[PDB]
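One chain comes next, on its own, written as structure tokens: the form deposited in one PDB entry.
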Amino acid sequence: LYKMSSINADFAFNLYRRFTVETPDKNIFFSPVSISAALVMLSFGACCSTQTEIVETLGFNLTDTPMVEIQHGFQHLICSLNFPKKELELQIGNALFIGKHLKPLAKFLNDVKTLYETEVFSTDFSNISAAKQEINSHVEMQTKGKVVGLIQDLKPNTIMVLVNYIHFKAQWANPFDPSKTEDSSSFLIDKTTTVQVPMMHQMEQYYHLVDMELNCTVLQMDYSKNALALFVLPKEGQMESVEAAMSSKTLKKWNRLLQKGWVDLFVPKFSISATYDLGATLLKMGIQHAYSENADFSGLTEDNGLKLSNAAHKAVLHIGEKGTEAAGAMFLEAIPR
């Protein structure tokens, strides 16, 4: 699994860098696993160059890891993330909304249902507005209310929508005491400008380090089971050079170097959210044939009647004294080929 999750991490970071070019000096927040899961699922029904491009854009090399190993790895990944863990809520699922008149291969349907937990819905896309609400409501429900209004616009000729959703809720191993939270503390948003945020404060032992190559502080806060948060705080003006270095190799290094010790720690209490139109981004990164009129999804429908048209992601984060709640959803839209 780890060689997969290492490739998935480098995809995360490469995509993160594309975002710092598209929306620079702005909040970024996404679920790399949601985006990867959705695209891998889209690849399950693709063939030939259409399938190849998707998984290569995801960062896999078909010599090192053949298509079947990739498919089997992602099935074991989703299954593992969903396995019941005490004191941690984590669920990642997906749903395929299929046009009433499409001819889906009952092979592909039975296999996504049994192997990726996929929920399948016959959708009347001739009521494009009602369909949009149904999907949005399904995603809202499955992200425990946190991801509202995923799909803003849905093309009139949509005949399939694939959604992936992730919800995460967990308690800090060491929760903050709200009576020690400072109501109004300064946070630097640029050289000369501050905003006011609640600043949580605790004195405890944490795994942390100062990366002496990259000139940033890394702080790890564990959740009470099976999960952690890493905070990466560059020295002033060093954020670009930390961003350029982020990689699976860097994460492996920090995993080795992180040491537990006492820290006087101040962390902001806050919420953010971000949305991404991913259509063009994915084309650039190498997913080309999936959008063309010669798209090959012969594994999906009898008549290979569709092509990808649009893709979008929405993610939200809340951090407070008790822990973290985060959610995300990925949206892939198909129209007639």
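In this text, rigid core is short for the largest set of C-alphas that superpose within 1.5 Å between two forms. Don't overthink the numbering: it's just position in the shown sequence, from 1.
Although not depicted, the form deposited in another entry is the subject of the following passage.
Legend entry - Shifted position (C-alpha, 2 Å or more, core held fixed) between this form and the one not shown, chosen from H76, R256, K235, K155: So the only displaced C-alpha belongs to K155.
Legend entry - Large Cα move at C216 between this form and the one not shown, threshold 2 Å, rigid core: After core superposition, the C-alpha of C216 moves less than 2 Å between this form and the one not shown.
Legend entry - Rigid core superposition, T52 Cα moves 2 angstroms or more between this form and the one not shown: Superposed on the core, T52 moves its C-alpha less than 2 Å between this form and the one not shown.
Inset, instruction - Determine, after fitting the two forms on their core, whether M246 shows a C-alpha shift of 2 Å or more between this form and the one not shown. - result: Shift of 2 Å or more: no.
Inset, instruction - Report the direction of the Cα distance change between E22 and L162 in the other entry, compared with the displayed form, as closer or farther; the change is 3 Å or more. - result: Closer together, which means the C-alphas of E22 and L162 are at least 3 Å nearer in the other entry.
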